[PDB]
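Basis: the model, the stated rules and, where named, an outside source; these are not laboratory values. Cβ coordinates were reconstructed from backbone atoms using ideal geometry, including for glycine residues, and neighbour counts include every protein chain displayed.
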Amino acid sequence: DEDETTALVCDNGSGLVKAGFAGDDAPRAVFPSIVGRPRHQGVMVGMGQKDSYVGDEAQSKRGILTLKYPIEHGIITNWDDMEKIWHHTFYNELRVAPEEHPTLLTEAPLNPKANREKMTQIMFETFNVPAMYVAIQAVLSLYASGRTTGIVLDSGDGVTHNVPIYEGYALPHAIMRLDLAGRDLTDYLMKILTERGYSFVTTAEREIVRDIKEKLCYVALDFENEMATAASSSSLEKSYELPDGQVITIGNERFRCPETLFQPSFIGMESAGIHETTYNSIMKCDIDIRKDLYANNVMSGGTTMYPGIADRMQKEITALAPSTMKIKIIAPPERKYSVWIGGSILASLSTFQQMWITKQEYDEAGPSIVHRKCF
Amino acid sequence: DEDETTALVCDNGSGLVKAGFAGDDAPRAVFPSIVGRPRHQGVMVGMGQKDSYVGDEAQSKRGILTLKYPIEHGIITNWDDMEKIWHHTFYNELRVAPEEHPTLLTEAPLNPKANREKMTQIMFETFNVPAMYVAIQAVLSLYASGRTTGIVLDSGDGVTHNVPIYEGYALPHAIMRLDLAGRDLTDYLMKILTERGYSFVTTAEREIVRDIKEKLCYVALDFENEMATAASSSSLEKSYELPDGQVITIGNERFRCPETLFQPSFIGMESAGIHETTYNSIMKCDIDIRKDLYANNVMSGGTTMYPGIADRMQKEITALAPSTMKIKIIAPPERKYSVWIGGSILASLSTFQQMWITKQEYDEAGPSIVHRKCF
Amino acid sequence: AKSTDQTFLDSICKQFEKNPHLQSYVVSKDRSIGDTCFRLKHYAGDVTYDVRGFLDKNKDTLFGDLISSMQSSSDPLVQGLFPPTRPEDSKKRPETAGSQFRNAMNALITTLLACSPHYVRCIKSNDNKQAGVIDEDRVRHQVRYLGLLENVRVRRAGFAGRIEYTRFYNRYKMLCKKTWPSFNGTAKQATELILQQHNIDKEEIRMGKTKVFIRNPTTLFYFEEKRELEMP
Ligand SMILES: Nc1ncnc2c1ncn2[C@@H]1O[C@H](COP(=O)(O)OP(=O)(O)O)[C@@H](O)[C@H]1O
Ligand SMILES: Nc1ncnc2c1ncn2[C@@H]1O[C@H](COP(=O)(O)OP(=O)(O)O)[C@@H](O)[C@H]1O
Ligand SMILES: [Ca+2]
Ligand SMILES: [Ca+2]
């Protein structure tokens, strides 16, 4: 546009595909990372079904679709279907050719080595990308919120990651990975829903569970005191008319499921709560470096949007943590797009040149170019 | 400042870098002689780490730093890092160019010959110093306290030196050197701390041991009588809230470690106590020159600040020393800066001209100019 | 965002302090430079800048999340502040400063490499509005940092006495022979035909665009005089 040339920003997860044009502050066309076929055989003739039904077109009509998700936190059940997800991204919504503008993707911390080389194969050899990089999830948001000294816990629907990044990344481990977010809460509901004459059976309607979840479901401050309150039918049940037509008086259902977050013992996992793992990462660093970590805590992700998420942390942490200085948690009121706001940062930096992979660089160091320069 | 031209005072040790402006009575900007890198790899991009983290900036944040000290009493583990310690001294705090004002450094008694020529190489050839001298630790303090006839024992964290200087320096030996001060007490604590569920593991937090030490730890007058007192939990344990948050009830821990001072047998050294070595130096001088030495004893250094340090000396000395005249020890209530107050003296003397090394003097007598004129 | 102006300074030194035209108090030992300032060369001198401001002074960018709510009103003043959407300057509205400044400077260049320009310089006399007073030190400096006398020597080439061919021809016509309308055309062979008939070395003069090149001053006084002791 008579400014520069070849530039773009992108970001994908287990919820939405955040992307936009060149030099933007916020996304432009986010869409669900879904994709399925036809369990209904799509009037076979009222088109040769194909196109699994990805994008707004897919999210619109769920019934015909057997929504089979490709990338469940880390593991990619299949790469063949990924081919026609990015074919919908750059060409339909972004309206730009990938054989021109760079690309800034996100990296699920500690992702299988074999996956990186596989992805690069899809871009460089097929979609011809002469410049691109895959930054590491959390570290991005750090520079956006305006923090240089804090501990980041960025996670939404993908995977939980405790990234203590306030003066260095890639160093002692002090990081954790937990497959317990988003889809885990989306699949657990139908189970407990059975006791209330409800059952979102198939995957298509399972996706709706998440929709209603993010508009009412809240977290209990103390399950004990709210157990006796159950008698008082006022703060619990609330009339929610299902778009089709079937009221669901969610009440105790709201604060029962989220309890699993702090208590992973409800789904057969010894994984400690997100406030225990926090200790595990802090106890590794030096002794004279905790007082500043407690001062500011970066809690990001769409998972940190439900009522009663930050106040609970300040109750459990103080217990098994030093009690002398003040403790404050920085949870950006809109901390979901924290990664994208940070993506816009690195997207406009020139120092970033010493990170991405140039067309020729791949052929000069084989497929291992990724893990030979990056880390 | 429309007064004179080219003047300054400095002093370094194993604790603080004492320095100031021209013609000052007390220092102006003291800072820890530390320096390290990043065991955390400093967000590599949230700056090309480098600058080891020396000065207030270093002492502020200890966690990221792997504090590796350069000059341990006499031996310099490495000179390459010393380069960017003085680059922080003259230019940042002192705010003066070393290519103008002289410099008065201190000399660790009996320092390797090869070291003197190495230091001069860093000043004259690189930092261009047309005038400077490196006076001998103890003798300086003598003229400050206002004593001409006494025995000086100046030592803090560096090395212990018994300097009988009351009418002549550089003569019979009557001097001793002992690598048992400061850092020795700083490293010994973590060992014995293990028995009390505490352990300051790495070097970063090890530095804090010294901080708390100089605010409570005291010396036992008689270990025997204070052993039974242990039952009385009143004069021992004292609540000390660790800044972060971890109380440490130091009690018997206070007077156990300092006992090593008078008893070097707790760390595998046949070195006799500081009151025995005193005899060793006195017995060498004439017989009719002791009565005046006992009258006044110059005990200086930050090590002579702990409770129960002077009174103990008057108990052990009188035993194996002549018992007829009166014995008094002069321990300046603030005897740490005794060297600096004395530094201010020699810094304003003109007779000092016949001591320092002029720019040309170095080229006229090669690198041995130091040990050719000085002594 | 968190990085202050002070930290920005350190980001320059590490990246450069080797590429010409950039110094500081750390590398270049010059007391004139403060501990919170830096050196930067331009044309012919040195300038030490301060760090105050920078941040809020630079970015200044404004997004459309603060404008939308205001331009939705109904008043020739309120919406008036925002003329009929995009006065020939938009293309893409939301961009983090940096680039936005590049536009104001790029739009300037793009319209310079496609036109036939003309140049005019000016020199301020003094700081007292006097039409007959010279401030020696101030004037000489003004002529220097503009680099005008260097544009005199270098452009031509770099020497003493210089005269244009286009103006040398129609001036020294009535001196030598064979320099009449029966000329050949070239400005080199013609001159050779001129200087050879009066015994003059050829290497002393050279031909280029429109400037005669005879090195050393003495030759000028030698030419002018020679044109006097044999023709009044
Ligand atoms: N205000 C909100 N309240 C509750 N859930 C929200 C909110 N905003 C976004 N979400 C949810 O957060 C999820 C996306 O979070 P994100 O951190 O981007 O996930 P991921 O990185 O795993 O793709 C989606 O399930 C979305 O519905
Ligand atoms: N009042 C005090 N009480 C206890 N320790 C002190 C006191 N003042 C200074 N110190 C300590 O003394 C040490 C510095 O003593 P100094 O004689 O200057 O050492 P050096 O000459 O080896 O550099 C530091 O460890 C400092 O913390
Ligand atoms: Ca993700
Ligand atoms: Ca010393």
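If you check B:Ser281, B:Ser338, B:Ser300 for being under 23 Å from B:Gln263 (Cβ atoms) and touching a helix residue (DSSP H, G or I) at 6+ places or on another chain (Cβ under 6 Å), only one passes: B:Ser300.
Conditions tested, residue by residue: (1) within 16 Å of ligand 4 (Cβ to nearest atom); (2) at positive phi; (3) touching a helix residue (DSSP H, G or I) at 6+ places or on another chain (Cβ under 6 Å).
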site	(1), (2), (3)
B:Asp3	no, no, no
B:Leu16	yes, no, no
B:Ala26	no, no, no
B:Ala29	no, no, yes
B:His40	no, no, no
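Taking only region A:263-294 into account, find how many residues are in a loop (DSSP other than H, G, I, E, B) and within 14 Å of chain B (Cβ to nearest Cβ). Don't jump to the end; show me each part of the working.
Here is the first cut: in region A:263-294, the ones in a loop (DSSP other than H, G, I, E, B) are A:263, A:268-275, A:283-290.
From the residues that got through so far, the ones that are within 14 Å of chain B (Cβ to nearest Cβ) too are A:283-290.
Within region A:263-294, residues that are in a loop (DSSP other than H, G, I, E, B) and within 14 Å of chain B (Cβ to nearest Cβ) number 8.
Can you say whether B:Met132 is among the aliphatic types (A, V, I, L, M), more than 16 Å from ligand 1 (Cβ to nearest atom), away from every other protein chain (no Cβ under 14 Å) and surrounded by fewer than 21 Cβ atoms within 10 Å (Cβ to Cβ), as far as the supplied structure shows? Step through it out loud before you land on a result.
Numbers: among the aliphatic types (A, V, I, L, M): yes; more than 16 Å from ligand 1 (Cβ to nearest atom): yes; away from every other protein chain (no Cβ under 14 Å): yes; surrounded by fewer than 21 Cβ atoms within 10 Å (Cβ to Cβ): no.
It is false that B:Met132 is among the aliphatic types (A, V, I, L, M), more than 16 Å from ligand 1 (Cβ to nearest atom), away from every other protein chain (no Cβ under 14 Å) and surrounded by fewer than 21 Cβ atoms within 10 Å (Cβ to Cβ).
The single condition among (1) within 16 Å of ligand 2 (Cβ to nearest atom); (2) touching a residue at least 24 places away in the same chain (Cβ under 8 Å) that B:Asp187 does not satisfy is (2). Scanning region C:95-147 for residues that are more than 14 Å from chain A (Cβ to nearest Cβ) and polar (S, T, N, Q) yields C:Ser116, C:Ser125, C:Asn126, C:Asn128, C:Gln130, C:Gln142. Here is the figure for region B:1-15: residues that are outside any loop (DSSP other than H, G, I, E, B) and either among the aliphatic types (A, V, I, L, M) or out of contact with any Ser or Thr (no Cβ under 9 Å at 6 or more places or on another chain) (or both) total 1.
When region C:88-141 is filtered for residues that are hydroxyl-bearing (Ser, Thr, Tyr), under 17 Å from A:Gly23 (Cα atoms) and surrounded by fewer than 10 Cβ atoms within 10 Å (Cβ to Cβ), only C:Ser90 remains.
Taking the stated definitions as given, is B:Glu226 surrounded by 13 or more Cβ atoms within 10 Å (Cβ to Cβ), more than 14 Å from chain A (Cβ to nearest Cβ) and without any contact (Cβ under 8 Å) to a residue 60 or more places away in the chain? It is true that B:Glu226 is surrounded by 13 or more Cβ atoms within 10 Å (Cβ to Cβ), more than 14 Å from chain A (Cβ to nearest Cβ) and without any contact (Cβ under 8 Å) to a residue 60 or more places away in the chain.
Number of residues in region B:90-106 that are hydrophobic (A, V, I, L, M, F, W, C), under 15 Å from B:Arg28 (Cβ atoms) and within 10 Å of chain C (Cβ to nearest Cβ) equals 1. Looking only at region B:160-184, residues that are within 13 Å of ligand 2 (Cβ to nearest atom) and in contact with a helix residue (DSSP H, G or I) (Cβ under 9 Å, 6 or more places away or on another chain) come to 8 in all. Evaluate the following for B:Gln59: is it closer than 17 Å to B:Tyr362 by Cα and not hydrophobic (A, V, I, L, M, F, W, C)? In short, no. Within region B:205-215, one or more residues are within 13 Å of ligand 2 (Cβ to nearest atom), in contact (Cβ under 8 Å) with a residue 12 or more places away in the chain, away from every other protein chain (no Cβ under 14 Å) and farther than 25 Å from B:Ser52 by Cα.
Residue by residue, here is whether (1) within 27 Å of the chain's Cα centre (by Cα); (2) in the same structural domain as A:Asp157 (by CATH); (3) at negative phi holds:
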position	(1), (2), (3)
A:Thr249	no, no, yes
A:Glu276	yes, yes, yes
A:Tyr279	yes, yes, yes
A:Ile287	no, yes, yes
A:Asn296	yes, yes, yes
A:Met305	yes, yes, yes
A:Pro322	no, yes, yes
A:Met325	no, yes, yes
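Which members of region B:256-302 meet the condition of being more than 18 Å from B:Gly182 (Cβ to Cβ) and of a type in the set (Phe, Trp, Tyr)? Matches in region B:256-302: B:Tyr279, B:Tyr294.
Check every one of the helices (runs of 4 or more DSSP H) wholly within region A:90-206 and list those with 3 or more residues that are charged (D, E, K, R).
Numbers: elements: A:113-122, A:137-145, A:183-193.
Here the list reads A:113-122, A:183-193.
Quick one: which residue in B:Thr304, B:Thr324 is part of a loop (DSSP other than H, G, I, E, B) and of a type outside the set (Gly, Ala, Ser)? Let's see the steps before the verdict.
Numbers: B:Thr304 fails: part of a loop (DSSP other than H, G, I, E, B).
Result of the check over B:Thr304, B:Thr324: B:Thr324.
Here's the yes/no breakdown for (1) touching a residue at least 24 places away in the same chain (Cβ under 8 Å); (2) part of a helix (DSSP H, G or I); (3) aliphatic (A, V, I, L, M):
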{"site": "A:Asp222", "(1), (2), (3)": "no, no, no"}
{"site": "A:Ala230", "(1), (2), (3)": "no, yes, yes"}
{"site": "A:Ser233", "(1), (2), (3)": "no, no, no"}
{"site": "A:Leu236", "(1), (2), (3)": "no, no, yes"}
{"site": "A:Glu241", "(1), (2), (3)": "no, no, no"}
{"site": "A:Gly245", "(1), (2), (3)": "no, no, no"}
{"site": "A:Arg256", "(1), (2), (3)": "yes, no, no"}
{"site": "A:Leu261", "(1), (2), (3)": "yes, yes, yes"}
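If you filter region A:3-17 down to residues that are of a type in the set (A, V, I, L, M, F, W, C) and within 16 Å of ligand 3 (Cβ to nearest atom), you find that the one that is farthest from A:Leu105 (Cα to Cα) is A:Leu16. Among the conditions (1) surrounded by 15 or more Cβ atoms within 10 Å (Cβ to Cβ); (2) under 23 Å from the mean Cα position of the chain (by Cα); (3) over 21 Å from A:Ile317 (Cβ atoms), A:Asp211 misses just one, which is (1). Restricting B:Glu72, B:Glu117, B:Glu93, B:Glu167 to those that are surrounded by fewer than 17 Cβ atoms within 10 Å (Cβ to Cβ) and within 29 Å of B:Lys213 (Cβ to Cβ) reduces the list to B:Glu72.
Considering only residues in region A:16-60 that are crowded, with 20+ Cβ neighbours inside 10 Å, touching an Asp or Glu at 6+ places or on another chain (Cβ under 7 Å) and in a loop (DSSP other than H, G, I, E, B), the one that is nearest to the other protein chains (Cβ to nearest Cβ) turns out to be A:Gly23.
Within region B:283-301, is even one residue of a type in the set (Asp, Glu), out of contact with any strand residue (DSSP E or B) (no Cβ under 8 Å at 6 or more places or on another chain) and free of Cβ contacts under 8 Å to residues at least 24 places away in the same chain? Taking every residue of region B:283-301 in turn, at least one turns out to be of a type in the set (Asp, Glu), out of contact with any strand residue (DSSP E or B) (no Cβ under 8 Å at 6 or more places or on another chain) and free of Cβ contacts under 8 Å to residues at least 24 places away in the same chain. Consider region B:61-80 and keep the residues that are more than 12 Å from chain A (Cβ to nearest Cβ) and either closer than 30 Å to C:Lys2 by Cα or outside any loop (DSSP other than H, G, I, E, B) (or both). The one that is farthest from ligand 4 (Cβ to nearest atom) is B:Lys68. Cβ-Cβ distances below 6 Å connect no pair with a first residue in region A:142-154 that is more than 10 Å from chain C (Cβ to nearest Cβ), a second residue that is basic (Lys, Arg) and assigned to a strand (DSSP E or B), and a separation of six or more residues or different chains.
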